[PDB]
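Structural characterization, general
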Amino acid sequence: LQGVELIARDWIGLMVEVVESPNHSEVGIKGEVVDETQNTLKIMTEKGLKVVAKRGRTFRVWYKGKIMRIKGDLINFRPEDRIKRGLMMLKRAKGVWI
């Protein structure tokens, strides 16, 4: 339910943590998203700033009392685009055809 909402919502302002990545040294990067583009997430960490690509990455995200794991491959699209994708994932997660 809420996990799907994250597919459509920009992640700016949310707390995230990189748990999987093809760029191995990125594991552990955790902080607040301060900017987002179709392909990247800019994160403010405890000791600095990091830019992390979305493709191939898996992020743990703190949202409305829950903690979800979301693949960057699902959100590396423009906002308008992510809105339609969000709805698709909702139908799929609802077992509804439309």
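Conventions and cut-offs
- Residues numbered from 1 in each chain as written, not as in the entry; some residues may be left out.
- Heavy atoms only, no water.
- Residues with missing side-chain atoms left out of burial classes, pairs and counts.
- Helix = DSSP H or I, 4+ residues; strand = E, 2+ residues; numbered from the N terminus.
- Contact = heavy atoms within 4.5 Å.
- Pairing = 2+ DSSP bridges.
- Axes fitted to C-alpha atoms, helices over the stretch in contact; angles between N-to-C directions.
- Core = buried A, V, L, I, M, F, W, Y, C linked by side-chain atoms within 4.5 Å.
- Buried < 20%, exposed > 50% of the residue type's maximum accessible area, 1.4 Å probe, protein only.
- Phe/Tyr/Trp six-rings, centres within 6.5 Å; stacked < 30°, edge-to-face > 60°.
- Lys NZ or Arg CZ within 6 Å of the ring centre and 35° of its normal.

Regarding how it was determined, this PDB entry cites X-ray crystallography in its header, along with a resolution of 1.70 Å.

1. What to know about the environment of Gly13
Take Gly13: it is sitting in the loop between α1 (2-8) and β1 (15-20). Once the C-alpha coordinates of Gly13 and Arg78 are considered, the two residues, 65 residues apart in sequence, prove to be 17 Å apart. What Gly13 contacts, discounting residues up to four positions off in sequence, is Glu32 and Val33.

2. Observations regarding the sheet that holds β1
An order of β4-β3-β2-β1-β5-β6 is seen for the six strands of this open sheet, with the pairing classed as antiparallel. Each of the sheet's edge strands pairs with one partner strand only, and the pair in question is β4 (49-53) and β6 (66-71). Shown here is a sheet whose adjacent strand axes are inclined to one another by a mean of 40 degrees, direction ignored. The pairing of strand β3 (residues 40-45) with β4 spans five bridges and is antiparallel. Pairing of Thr40 across the sheet is with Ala53, part of β4.

3. Some words on the nonpolar core
One finds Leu6, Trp11, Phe59 and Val61 to be the most contacted residues of the largest nonpolar core, which totals 17 residues. Every element with two or more residues in this core is listed here: α1, β1, β3, β5 (58-63) and β6. If one sorts the elements of this core by residue count, β5 sits on top with three residues. Discounting residues that sit within four places of it in the chain, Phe59 has contacts with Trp11, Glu17, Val18, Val19, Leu41, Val52, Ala53, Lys54, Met68, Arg69, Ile70 and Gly72.

4. Some points on the pairing of β3
Both strand β2 (residues 30-36) and β3 contribute to a ladder of five bridges, which runs antiparallel. Each bridged residue has a counterpart across the sheet, and for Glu36 the counterpart in β3 is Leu41. With antiparallel pairing between neighbouring strands as the criterion, β2 and β3 make up a hairpin whose turn holds three residues.

5. Here's the deal with the packing of aromatic side chains
According to the stated counting rule, one finds one aromatic pair in the structure shown. Taken together, a centroid distance of 5.8 Å and an interplanar angle of 90 degrees make the contact between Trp11 and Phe59 edge-to-face. A residue pair is termed long-range when its members are at least 10 positions apart, and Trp11 in the loop between α1 and β1 and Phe59 in strand β5 qualify at 48 residues. The class of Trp11 is buried, set by a relative accessible area of 0%. Since its relative accessible area comes to 0%, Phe59 is described here as buried. Here the guanidinium or amino end of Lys64 rests over the ring plane of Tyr63, the centre of that ring lying 5.7 Å away.

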